[PDB]
Amino acid sequence: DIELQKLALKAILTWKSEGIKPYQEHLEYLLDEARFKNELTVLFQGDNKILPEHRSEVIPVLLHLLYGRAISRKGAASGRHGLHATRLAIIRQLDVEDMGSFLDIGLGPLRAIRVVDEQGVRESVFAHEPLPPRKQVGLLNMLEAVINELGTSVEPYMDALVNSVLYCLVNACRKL
Amino acid sequence: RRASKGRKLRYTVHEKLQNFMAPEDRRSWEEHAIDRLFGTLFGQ
Amino acid sequence: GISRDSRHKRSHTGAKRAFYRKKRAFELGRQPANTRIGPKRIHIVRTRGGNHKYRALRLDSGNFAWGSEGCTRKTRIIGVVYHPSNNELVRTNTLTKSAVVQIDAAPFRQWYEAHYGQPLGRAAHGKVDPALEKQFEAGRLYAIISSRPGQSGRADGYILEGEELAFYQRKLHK
Amino acid sequence: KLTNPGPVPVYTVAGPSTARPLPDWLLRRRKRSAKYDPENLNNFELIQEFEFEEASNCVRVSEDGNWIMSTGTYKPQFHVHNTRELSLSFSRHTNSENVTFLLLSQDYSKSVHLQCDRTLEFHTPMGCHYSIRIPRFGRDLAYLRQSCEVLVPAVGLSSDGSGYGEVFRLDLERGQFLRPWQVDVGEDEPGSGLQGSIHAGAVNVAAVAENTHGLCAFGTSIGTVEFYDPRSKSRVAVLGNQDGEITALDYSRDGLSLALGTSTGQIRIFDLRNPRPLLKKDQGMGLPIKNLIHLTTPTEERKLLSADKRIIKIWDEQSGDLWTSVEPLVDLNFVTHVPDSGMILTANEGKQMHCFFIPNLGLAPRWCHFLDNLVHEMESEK
Amino acid sequence: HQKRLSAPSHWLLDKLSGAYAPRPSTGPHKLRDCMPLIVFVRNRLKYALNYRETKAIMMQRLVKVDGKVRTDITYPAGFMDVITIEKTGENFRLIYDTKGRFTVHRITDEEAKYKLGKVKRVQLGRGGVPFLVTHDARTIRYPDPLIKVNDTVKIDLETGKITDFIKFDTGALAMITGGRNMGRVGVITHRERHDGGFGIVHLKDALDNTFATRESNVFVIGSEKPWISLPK
Amino acid sequence: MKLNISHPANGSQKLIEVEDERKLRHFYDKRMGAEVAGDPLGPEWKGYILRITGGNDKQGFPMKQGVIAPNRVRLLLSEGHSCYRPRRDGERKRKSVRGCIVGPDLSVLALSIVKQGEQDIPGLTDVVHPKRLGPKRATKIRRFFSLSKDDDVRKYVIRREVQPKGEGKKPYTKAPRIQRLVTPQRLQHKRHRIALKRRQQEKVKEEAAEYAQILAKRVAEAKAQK
Amino acid sequence: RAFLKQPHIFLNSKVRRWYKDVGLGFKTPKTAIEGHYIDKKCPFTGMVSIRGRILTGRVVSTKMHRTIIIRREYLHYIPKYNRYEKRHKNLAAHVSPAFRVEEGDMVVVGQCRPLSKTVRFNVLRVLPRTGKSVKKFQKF
RNA sequence: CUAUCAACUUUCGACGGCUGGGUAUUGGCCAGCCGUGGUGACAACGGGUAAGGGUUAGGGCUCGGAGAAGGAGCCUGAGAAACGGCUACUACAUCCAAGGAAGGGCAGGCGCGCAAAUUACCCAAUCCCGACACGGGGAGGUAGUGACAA
RNA sequence: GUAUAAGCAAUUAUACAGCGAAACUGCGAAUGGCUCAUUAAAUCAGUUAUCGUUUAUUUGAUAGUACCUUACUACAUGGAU
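Protein chains in written order, with the deposited numbering: chain UT, 934 to 1109; chain CZ, 536 to 579; chain Cf, 2 to 123, 151 to 202; chain CW, 2 to 383; chain Cb, 8 to 239; chain Cd, 1 to 226; chain Ck, 11 to 25, 37 to 161.
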């Protein structure tokens, strides 16, 4: 929700840290709903790029906010140009190192999931649902965008993506 | 020719541009020290 | 005072003419937009038929087409390199149509390593002309502007590739 | 009204709030349709309609001090503000985006500007006395008052004769282009046009005095500042080879010392007789400095510095210490000061033209008295 | 607000209707190829006397033109518009005569139900669909795929669909609606291309008078097959 | 300077004659919208603080907020500003207005009491004034009376009784015709709109299918000719 | 100068030439089919469309950057003399480099959109004749 | 119509072509780059000011630049560079409590001291504009004078 | 389209219902017609073209566009005058 995101960002700025201090103007324009796509290419590929000294300070806040903007259904159009290009324009500009925290906020309960053990199939895991069938669809669309925007650089993140995609696939194959 | 739209300085006395401003000499120095100054630059 | 009529000029036979009629609103021509590099400053002009054209005066980004591979991405604009018409637009960094301008390369590089996977500028279908590879190792490509920035409100265009790329490199060397 | 620095405060009394403001159409839509709680007391404007909605180019206050002429970009125009009545006197449109104007008379009754489509436009309050095309492009504009003659620099190399480079000068009583004062710029390609090439060939800044001797100082792109004398019509000096393109040129109150500056951001205070510099300062970042003028807090002397990295630093001359520094938050293209004291009017890239107030350099000007009381109320607020 | 003499010579006005003449409002048919509804009601048919009487007829739903209620007084009705009046129970049709003027024809519902309209152009509209534009500015979506330019169409007028079509043919009888030989019902016997603008046809009447009229000014009416009742 | 003092929270207002400009000296050099304490005005104003919201100087000129001059200034006023109404659309007019600063040359000072004191001004703080009209739209009636989903606004609307002419008849009630009230006429209008949409889409479907079969028939007859 | 191009044809692919016929019973010359010049006011290379009037005539001055002037002669009827008189006019037409140019030849031109103040025509067919200079006369 | 007008254009680019700008669009229309032009004794150019077409017995009938006190700049709208408004300058001129504030046409009579056609009535017909059957129209029609005639 | 005129006029089921000044909203004024230095194939006439353009109004057709991590949610939409 855009109002709750704005009030939450105001509280994050009430936390007064010098890593967030030079980026506040760039932060609030992402929640201003008319200047999101321009502010994305102001943030990345700009003269005011994120400095790698306090990159460790801004990136969790920024990625929770960009995640919320990628979720929100209100201002987006229909079709692909509505919100599919928005998810693609976030993930195409994100770094592969920040993408780990991006998928960390992406996968809530399926972050620490294990599909395969020393034995074959974990039927104890598979005979239980942690997510709604409504909610897995946006997860799979997001991971499709992540993989199609990453390419080879998935190699440091092999251990969890395949567990997620395999869990949703075999839950569907049980539900046929 | 290749000169027309102001490329060649056509020295023509312009009619409305003729008597705009009066020359106002505002120089606080007394004209005898100034020509002695321009001699004694970096060369001299 | 700026107009589009032919009543002030001499005829085909070499004769001037009086032909005094007042300037009319269909002979209307407005003042030029020297679109420069900055943040987005666009003013909307209403025109005949009530139709809007977007006079962009300061622009930052536009999408550029690496279309031999099948992508176009929104990238920023660094500074104009050369202009075929005027030198003052090169001096004061004015974005017009058919301007060769250098742009950023990061989304094109990202899409190359995302689709093919072989990294670039740092099997056989991924293949890059080595001049364009030098542009990628510089991280700053030589695009050309195909959209009218003054009469559309955006500076978009395609990237230079092959013969045009080599031609404008030779023209930069000129 | 804001205050930017800690030790010596400046005051952004009027100015753009954001580096990327929205479209004014969308701003008025959200204002008339949404609910908003603005600072009604401290946020205001001081003169009516002091903006252009695109950008701005130059600000000059007259020697009478009653008129503020200002040229800006969309539907390229110039506003004339009456500063006693705090409002627009008028605003007149032009043919293209203006480069640089000067007022000729003590009032606004005569103006001249060098204008981007290679013109010189002479303005009256009645209308416009007709324009003169200069043959080649121009960079600045200066005025010989004692023998009334507009002189503009030119970029590029001349057509025939010598291949030095040229400064186009026309008298107003005589009416014609007299002769281009010939300044060497350097070598150029034999294969080019007549407007020059993209790399070099430019004279940039022409500076003169109007109360002292008035040596016509020019400055060109290979690090060269030249000196011409009126009533001689010929060259006197060639000096100051630097690495950067010379963008600053301004005399002091005495009539001896020069403050020049280069396109990398290095300023030199020279004497007119000593080749070694009186002062050097390498500041800011690599964006080129634009404008420097000397300004006297009523006892001392100090100097401006304005650079397009949004840095305007007021330096000291007697010690060289950085007195104060202002970040205008946007690109700024021109600086001027009210000739009494205190107030720096800056033409910017943004929508609103912005002006700074120094209480520690002077007082509020004679037309906006209450600015000192507003600074006083902000001092109560802190 | 044109004068009575500057009004065209084919919707007639006598020495009676004042020096002025009504102008037709903008609509389907042209300006100079037009009969307004006020000239049809009170100057041709004389079912009315005055402008206010014509307004009192028009404003109540008593005059239907091409099967729809036409309210405004100067509505253009140029060619072959069936005009249904229900209180009198009549349907008039507009054709021409041999001299070049408007003619009215009384008829009932069976011939009043359809309209023979000449195709102006065929194109591909938005959605990738072929559409058809007649001289009544009727556009028909998804037509029959042989109905080309200068073919005429039997429009249903209760749904508006295509029912039949007559092809442009050398040997099909036609009606002239323009030019110096205006209004001459005869048979198309020859057609000359003249590529580069303004091609012609050569046309003869029933009784051997050859003349050349332009393919814009022609209008196909039927081979023999008088699908509208030309008055006997 | 007579003080036109308004209490906006009670909706009351009163003009107060003030002589002895030594009492009015603390109003001097205060911009519009500034908070001044009414304690040095009078003993009955103990604890009051009020904002100054405008005024009219001598020769009756208005005082617009945001003009730093103390004297009378000559502004250029646009459409949606104060101190000027347009005679026609698109009109910018030059009008003289008094600047924001309270000087000595004023005639009336518009004041607004924001915080009271323990004492009541007898004609100002004592009289209550209700609002002229109640809310018209249903959700503003909902937010006013804090209704739930069931309580059916139509009996919770405000009312007013008037006595008409006709030599003193019965009282008569008046009720403001709620705008955002979902009636079955509104719902049937919505249903007719979406029914028109589905009728148009099914007519497009049938016409497309019949064009498909007729086009296949025509190309079959063409290849039968070939 | 900028690199001349046919405005929408993708040359730099790693996996042609656009020439339309003018129509009107004309044939495209081999230089217009394959010859590597690029000109946008050419009716076979550029997007210029020929419509309307179709004219002929004899060239006065071939020596010009792709623009020839035609002296068109006709016989005007003066009623005072009741006689025919010679009247010459001068047209201008833009020249494609596809054809082989001669002086005094009889050239066919066609009407297009205004390409300059004078230029409203393009060459379409050249008839190589041994026509002479200004002394030569023929209504044509 | 004229050679008591034979050279004219390049003297606001004069003819191109390339590139862009601006226009609703083409276009030297405008800006950068270069090429050498363009018209003319078959009458260009300049000068004089005295500024018809269609309908065919005929006559009749029909159609046919600059300004709103003076330059300069701006605003609306599908359509104006409205002159309807604004701003500044210039020039008249009005009210006032002397601080301030609004405004720029035609028609009529006299034009010697002696003179000569109504300050008429209505949109009722034909026509036009609007949320629109009703509201609004300085085209139009009605009336009055008349020994200039007839 | 918007009526709580503290406006008129009422009753047989009370948000409104009829008439309806004021005001907000949409439309209108590219002319009716006046004055006077003139326009010498540039206007204008016939004759073309727009594959080089804008068009309120007219009348005719017309729009397949859901889901896509808010869910331990949302489901009689706002504020101005």
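Cβ coordinates follow ideal geometry from the N, Cα and C atoms, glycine included.
Chain-ordered chain Cb contacts of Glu206/Cd [CB-CB under 8 Å]
Going along chain Cb, no residue has its Cβ under 8 Å from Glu206/Cd, so there is no contact; the nearest lies around 10 Å.
Could you give the uninterrupted runs of the beta strand (DSSP E) lying entirely in the region 299–364 of chain CW, keeping only those of 3 residues or more?
Listed in chain order, the complete beta strand (DSSP E) runs (minimum 3 residues) inside the region 299–364 of chain CW are 312–317, 323–327, 333–338, 344–349 and 355–358.
Secondary structure at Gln938/UT, three-state DSSP: helix, strand or coil?
Residue state, collapsed to three classes: helix.
Say whether chain Cf places a C-beta atom closer than 8 Å to the C-beta of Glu1030/UT.
At a cut-off of 8 Å, the C-beta of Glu1030/UT has no neighbouring C-beta in chain Cf.
Determine the DSSP secondary structure at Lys2/Cd, reduced to helix, strand or coil.
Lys2/Cd: strand per DSSP, three-state reduction.
Extent of the continuous beta strand (DSSP E) run through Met70/CW:
For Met70/CW, the enclosing beta strand (DSSP E) covers residues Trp68 to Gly73.
Verify whether the separation of the beta carbon atoms of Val156/CW and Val168/CW is less than 8 Å.
With respect to the 8 Å criterion, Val156/CW and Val168/CW are not classified as neighbours on the basis of their beta carbons.
Compare the C-beta of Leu139/Cb with all C-beta atoms of chain Cd and state if any pair is closer than 8 Å.
Using a CB distance cut-off of 8 Å, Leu139/Cb does not count as an interface residue toward chain Cd.
If the criterion is Cβ atoms closer than 8 Å, does the pair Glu94/Ck and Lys153/Ck meet it?
Cβ atoms of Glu94/Ck and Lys153/Ck: not closer than 8 Å.
In its own chain, which residues sit with a C-beta less than 7 Å from the C-beta of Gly103/Cd, not counting the 5 before and 5 after it?
In its chain, beyond the 5 residues on either side, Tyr28 and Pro70 have a beta carbon closer than 7 Å to the beta carbon of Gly103/Cd.
Short check: CB of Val60/CW to CB of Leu372/CW, under 8 Å?
In this structure, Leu372/CW does not lie closer than 8 Å to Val60/CW by Cβ.
Going straight from the alpha carbon of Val237/CW to that of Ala208/CW, what length do you get?
Take the alpha-carbon of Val237/CW and the one of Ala208/CW: they are about 15 Å apart.
Using the C-alpha atoms, what's the distance from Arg108/Cb back to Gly185/Cb?
Distance between the alpha carbons of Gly185/Cb and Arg108/Cb: 11 Å.
For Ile99/Ck, count the other beta carbons within 10 Å of its own beta carbon; 16 or more makes it buried, fewer makes it exposed. Which is it?
Exposed, because fewer than 16 other Cβ atoms sit within 10 Å of the Cβ of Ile99/Ck.
Chain-ordered neighbours of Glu559/CZ on chain CW, where CB pairs are closer than 7 Å
What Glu559/CZ touches in chain CW: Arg146 and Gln147.
Enumerate in chain order the residues of its own chain whose CB-to-CB distance from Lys98/Cf is below 6 Å, with the five nearest sequence positions on each side excluded.
Only residues of its own chain outside the window of five on either side were considered, and among them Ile173 and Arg176 have a CB closer than 6 Å to the CB of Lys98/Cf, listed in chain order.
Please work out which residues of its chain come closer than 7 Å, Cβ to Cβ, to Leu76/Cd, disregarding the five sequence neighbours upstream and downstream, and give them in chain order.
Hits under 7 Å: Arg92 and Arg94.
For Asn212/CW and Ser539/CZ, believed in contact at Cβ under 8 Å, the rounded distance
At roughly 41 Å, the Cβ-Cβ gap does not stay under 8 Å, so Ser539/CZ and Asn212/CW are not in contact.
May I have a chain-ordered list of the alpha helix (DSSP H) segments no shorter than 4 residues that lie completely inside the region 70–141 of chain Cb?
Taken in chain order, the whole alpha helix (DSSP H) runs of length 4 or more contained in the region 70–141 of chain Cb are 116–119.
Best match in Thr4/CW, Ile133/CW, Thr265/CW and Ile199/CW for proximity to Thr547/CZ [C-alpha to C-alpha]
Nearest neighbour of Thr547/CZ by Cα position, chosen from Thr4/CW, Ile133/CW, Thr265/CW and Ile199/CW, turns out to be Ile133/CW.
Measure from the C-beta of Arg218/Cd to each C-beta in chain Cb and report whether the shortest distance is under 8 Å.
Yes, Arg218/Cd counts as interfacial toward chain Cb.
Chain Ck beta carbons: is any one of them nearer than 8 Å to that of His13/Cf?
Interface criterion met: the Cβ of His13/Cf is under 8 Å from a Cβ in chain Ck.
Going by C-alpha to C-alpha distance, which of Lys32/CW, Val339/CW, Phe51/CW and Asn205/CW sits closest to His355/CW?
The option with the nearest alpha carbon to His355/CW is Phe51/CW.
What residue range does the alpha helix (DSSP H) around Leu193/Cf cover?
It spans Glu191 to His201 - the alpha helix (DSSP H) in which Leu193/Cf sits, taken as one unbroken run.
Rounding to the nearest angstrom, what Cα-Cα distance links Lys203/Cd and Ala106/Cf in this structure?
Between the C-alpha atoms of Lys203/Cd and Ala106/Cf there is a straight-line separation of about 51 Å.
What separation, rounded to the nearest whole angstrom, lies between the Cα atoms of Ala218/CW and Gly224/CW?
Roughly 13 Å separates the two Cα atoms.
Among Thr265/CW, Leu305/CW and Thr300/CW, which has the Cα closest to the Cα of residue 1/CW?
With chain CW covering 2 to 383 only, the question about residue 1/CW has no answer from this structure.
Do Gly122/Cf and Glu165/Cf have their C-beta atoms within less than 8 Å of each other?
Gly122/Cf places its beta carbon less than 8 Å from that of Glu165/Cf.
Looking at chain CW, which residues of the region 959–975 of chain UT have a Cβ within less than 9 Å of any of its Cβ atoms?
The residues in question are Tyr962, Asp965, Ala967, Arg968, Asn971, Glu972 and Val975.
Could you check which residue in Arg93/CW, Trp26/CW and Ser159/CW has the C-alpha nearest to that of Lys543/CZ?
Among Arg93/CW, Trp26/CW and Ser159/CW, the Cα nearest to that of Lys543/CZ belongs to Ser159/CW.
Beta-carbon proximity check, residue 254/Cd vs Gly117/Cd, cutoff 8 Å
Here chain Cd comprises residues numbered 1 to 226, so residue 254/Cd is not present and cannot be evaluated.
Does the beta carbon of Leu14/Ck sit closer than 8 Å to a beta carbon anywhere in chain Cb?
Chain Cb contact via Cβ: absent.
Taking the alpha-carbon positions, what's the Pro10/CW to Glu40/CW distance?
C-alpha of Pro10/CW to C-alpha of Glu40/CW: approximately 21 Å in a straight line.
Could you tell me whether the region 1028–1037 of chain UT touches the region 1086–1105 of chain UT, where touching means 3 or more Cβ pairs closer than 8 Å?
Three or more Cβ pairs drawn from the region 1028–1037 of chain UT and the region 1086–1105 of chain UT lie within less than 8 Å of each other, which places the two stretches in contact.
On the three-state DSSP scale, how would you describe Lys1007/UT?
Reduced to three states, the DSSP call for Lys1007/UT is coil.
According to DSSP, simplified to helix, strand and coil, what is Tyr186/Cf?
In this structure, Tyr186/Cf counts as strand in the three-state DSSP scheme.
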